[PDB]
Structure formats: structure tokens, C-alpha cells
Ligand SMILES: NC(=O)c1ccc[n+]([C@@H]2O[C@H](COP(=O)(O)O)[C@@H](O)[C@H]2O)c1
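Starting off, we have a lone chain in the form solved without the named molecule, written out as C-alpha cells.
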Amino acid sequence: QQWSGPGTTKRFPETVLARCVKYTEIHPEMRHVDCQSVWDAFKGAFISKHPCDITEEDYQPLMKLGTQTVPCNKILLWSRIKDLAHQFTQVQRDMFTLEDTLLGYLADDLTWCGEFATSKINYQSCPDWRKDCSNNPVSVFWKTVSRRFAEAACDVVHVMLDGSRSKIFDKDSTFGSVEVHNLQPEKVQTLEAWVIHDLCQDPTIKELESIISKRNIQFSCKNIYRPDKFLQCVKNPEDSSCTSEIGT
């Protein structure tokens, strides 16, 4: 019901409110954000509810509050390769990941849940997705914000994948279960995968190519054998890169 998982992060309300204030103070934003209203919309999603009975509609006021005008042709999805995807967006700073948006920035690496009959936050334990229930506050949030993120994408979407994993593309991950199935074909022309270390011939990548192609979206794939060199030339493309993109 509420156990088997880590509890809500200590000082979670202060943290969410502090993150919103800092995100807005470094992003003169589409529409002024009253961070207090944002925290209230966050709280209203899960407070005083069964933490196994959370729905996506519970989070829609927070989603509406947190809608941002993101350049849709600059979205980098990723699946289970966290550090390189975000360091890539620190350099190619015209491209965004889900954690670079307001809503992703707010909840990144946090846990939360409430209790049915009380207005309190449970800092002791929260429903674990696998062993208690799937419709818990944290999982439902990310399942919701990731769907809307994919729905906003346009013109060419890139996704970074870990080629060292035995399942380079996992159909059961958020990218496979939610994001891929929600790219709008009338807005998205191509999904280009970047496999990080020829693994574009891996059975799981061809599965991603099949799934995407039957939604009438083009598939593209690109091996990256030299990640550190690939990033070095994103910083400064002017030294030695048009001959060194080869199998190391």
C-alpha cells in the first residue's frame, strides 16, 4: 500500500519550492510562474489520496501549470544512459532533455507520497512500483510528464541509448512503453537513435525501428564509438573530427 519503497525525501516541500524559484530565476519564462501555485498543484495530485490509486488526471493541473514553450525540434530523449545525455545538453545547449524542463527539474531524483485519510506527507515509506503497485505518485508523475514531453516533439527527435546494455532498446522502459508510442506522426518525421558504446543491427534496435515505422514515423540510427571524442567536437567542431568518427 505504502511500504517497501523509500519514503518521501526529507524537506521535500521546501526542495520543490526552492527548485522552482531557481529554475524561474535562470529562465525568464514563457509565462510568469507563481511557484507557490505550482507547489499547490503538486500537492493536490497526491495529498490525502491512496498512494496506490494515483491517476494521470490527478497531475493535470500541475501539467497545465508547468507547460513550457520548448523548441520541439531540439528534444533529446534518452533511456538508461543518464550522465552522458545530460552532459551532452550542457554543451549542445540548444537541445533539451526531460530533466531540463521545469517539471523534470522539479522532481528529478525525489520521492513522495501521501496517506488516504490524512493531509500529511509520508516520509517513512512510499509504494514501491514493483512490489506494491504501479499507480503510485512517483511512477504516475514520470509516466505523465514523459508522455506529454513526447507529444510535444516535432520534426526530428533524437534518443540516446546505452549500447553496453544487453537490451539496448527495452520495450518496457518509459521510452519504450510511453514515449515511443506517443510521438505524434503529424508532427514527428524522424526518430534518430544514438547508440553509445555496429549496434544499429542489434535485434532490439531493429525492434525499435519496427515499432516506430508502423506508426508512420521514419527511423534513423547512428553508432557513436568515441563518446568522449564525440562530445569534444560538439564543444569545438573545428579540430580533427571530420576524419575521426570511426570504430576505435
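Residues carry their position along the shown sequence, with the first being 1.
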- Note how many residues of the deposited chain are left out of the model between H197 and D198; the options are none, 1 to 3, 4 to 9, and 10 or more. 4 to 9
- Is the mean CA B factor in the deposited entry higher across 5 to 13 or across 21 to 29? 21 to 29
- Query: According to the deposited model, is the average Cα temperature factor higher in 47 to 55 or in 30 to 38?
  - Reply: 30 to 38
- Among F169, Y105, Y123, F149, where is the Cα temperature factor highest, going by the PDB entry? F169
- Query: Among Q68, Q60, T190, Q184, where is the Cα temperature factor highest, going by the PDB entry?
  - Reply: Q68
- Task: Check where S177 lands among this chain's C-alpha B-factors and tell me if it's the lowest, middle or highest third.
- Result: highest
- Item | Chain-wide C-alpha B factor ranking for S164, given as lowest, middle or highest third | highest
- Ranked against its chain, the third holding the CA B-factor of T118: highest
- What third of its chain's C-alpha B-factors does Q201 belong to: lowest, middle or highest? highest
- Tertile call for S79 (CA temperature factor, within chain, third-based) is the middle
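Below: the form deposited with the named molecule bound, not depicted.
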- Query: Place the named molecule on this chain by superposition, using its pose in the deposited complex; is the pocket open, or blocked by 3 or more ligand atoms lying within 2.4 Å of backbone or C-beta atoms?
  - Reply: open
- Item | in the deposited complex, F175 touching the named molecule (heavy atom, 4.5 Å) | yes
- Classify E99 as contacting or not contacting the named molecule in the deposited complex by the rule of any non-hydrogen atom within 4.5 angstroms, answering yes or no. yes
- Query: So in the deposited complex, does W142 come within 4.5 Å of the named molecule, heavy atom to heavy atom?
  - Reply: yes
- Message: With the partner left out here, check for me: in the deposited complex, does some heavy atom of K120 sit within 4.5 Å of the named molecule?
- Response: no
